[PDB]
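First come two forms of one protein chain, each written alone as structure tokens, so that there is a structure 1 and a structure 2.
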Structure 1
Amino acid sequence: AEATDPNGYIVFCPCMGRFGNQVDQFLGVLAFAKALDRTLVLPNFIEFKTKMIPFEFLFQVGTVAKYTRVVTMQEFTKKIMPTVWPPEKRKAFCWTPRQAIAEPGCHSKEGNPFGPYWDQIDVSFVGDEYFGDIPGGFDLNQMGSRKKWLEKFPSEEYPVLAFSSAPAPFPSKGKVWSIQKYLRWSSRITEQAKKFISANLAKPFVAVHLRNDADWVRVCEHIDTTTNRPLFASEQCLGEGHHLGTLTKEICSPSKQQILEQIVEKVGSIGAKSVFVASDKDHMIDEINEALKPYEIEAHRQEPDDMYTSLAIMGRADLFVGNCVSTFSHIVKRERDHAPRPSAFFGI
């Protein structure tokens, strides 16, 4: 006999993008759950090898609970689902019906990682509900929107709002960035971060995020400086709606020369004794070491490059230099601001 939340629950797939995008929307989902006053089922994060990673393996449940009411996916499946969310009542929630690429619907389980995510917790949907007629959908930005959610999907009939995709803005709104202070790395991640730092990174150290795979270069070469709209996390350095300047290809994709000059500069600025590099592809260790040869310091990376432990290391750095467009860099910026530790971005 489990006593469940009378207001009910939200559960969702963090089904868009890599970890950067997933954390970016997760901040919004926390706000949305708080605003609706429903318990948030903490997601399994998704990694592409498909691997589901429990929230609690990465971040501390105790800490996130200081923002809003939460349960782990483990608690939800074992303790909550059996008494309030039987298989006959499992409905998925999306904006509008869509054509499968099956009747018109959300297609919550079509493709990867959509299907694997829900299959991980033995969930099949027996119907869809739509929220497009609630003004702003999940924004809660508009008058009567919050109440329409309560009106349209009452907890008795709808104890679980299960979302096909994260019910949150992408990219995240400035108002949710500070929620990052409630994402505290797990003990395992923090131990690993500390071990690496003591083993390889003489203090003070500069940590850098480099983004340079072909997919990334393609997005950067599309930038329109005349319209100058946000791209991914670009507002982190340029302000809301870019009121501070123009997003350039130099900012999105700094050249090897631009990277090396700016690293040498930042090392000089703080009298750094080591450099840490995290990258999606080219860590430029050999080129950076060649550049820092006169300072008698070296650059170090993780092998293999553990995404989560690298974020934690960058969070602990004496100085962080990130890529302004990258949501992965945005995790670091927000942690350093709120979890203020000095940060900088390439080309700004």
Structure 2
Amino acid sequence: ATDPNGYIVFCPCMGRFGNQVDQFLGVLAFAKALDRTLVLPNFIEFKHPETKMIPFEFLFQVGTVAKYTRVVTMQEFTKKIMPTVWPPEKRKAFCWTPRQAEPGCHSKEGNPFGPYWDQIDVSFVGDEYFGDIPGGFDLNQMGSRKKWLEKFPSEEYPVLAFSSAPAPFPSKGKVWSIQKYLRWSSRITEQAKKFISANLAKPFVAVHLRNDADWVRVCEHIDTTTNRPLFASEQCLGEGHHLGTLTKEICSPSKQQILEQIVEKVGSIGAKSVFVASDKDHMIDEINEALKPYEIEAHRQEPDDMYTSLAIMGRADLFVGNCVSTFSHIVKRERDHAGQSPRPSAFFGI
């Protein structure tokens, strides 16, 4: 059959993988609160000549996420549910308020908005708005699940379709534990285990080095006097930065600081190898020189596969991440929540 309560489908249409997963956590909680089945999103990759949509199940296990709330794959939704439950004629786009491009949602305007819905051959014929609902999409505390059910009954609205993820960004502390239900696919887990077995004598420290030019730019624009959250910064500084001040040294550690701190961590755990995940400079030669007194080496994947890297860092004896990066935030959350007890993590500059 199909879910009489209906469905939610959305585009993780903001940012790269870290941003997508960060919003996806909130969407999961949203769908559960509305008691509608979530269509699992295609994730989006930008480092190709065109945008690339990746099936949820290529990366994560459907069985594990199902344990949190009802889900269906994108394949099952588009091939089996959509044609009868949600024909082209009632494909309404949902958004907060009508917007300047006729004022509406404009769901397929720009990238990745267009290519995402085009990939599943979906166009919208009308708009629905939810900005007038008391509490927005924040359904637990400021709880308005009754108001959503009342405004969008399942019979008239079997599918709620959002071109922006109906979840805060950055994520709220309350949804971080949902990372427990995102388990890497068998394929990725096995690649992680093989790389570790072949290359990383235990215990190993894994580090995330986020250092490409766009990043240095983002860090150097930190306004230390307003001290607002920046991407995942609350993962190390607490909600609203109650623990301290985000600095440039935390956001973008110098090469010398990275080395000092790696060597320090290797010493604290008696590490027998280091794993490096980087968006650009893995600093393998520099780290190896710094590691010579310990007669151990740093290792990376060539090429660096971002998903296997995340998985390897989740398995590390110690993880040292970048506090600002939502990419590091994935690891921090998995390390915190995948098991019954937290595996330890640290952050550069902290």
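Here, a residue number simply tells you its place in the sequence of structure 1, counted from 1. Rigid core (definition): largest C-alpha set, two forms, superposition within 1.5 Å.
Candidate set 142, 124, 255, 178; criterion, C-alpha shift of 2 Å or more between structure 1 and structure 2 after rigid-core fit; matching residue, 142. For residue 224, the Cα shift between structure 1 and structure 2 is 2.3 Å when the rigid core is held fixed in the overlay. Summarising the core-aligned comparison between structure 1 and structure 2, the C-alpha atom of residue 85 is found to shift 0.2 Å. Core superposition gives residue 242 a CA displacement of 1.4 Å between structure 1 and structure 2.
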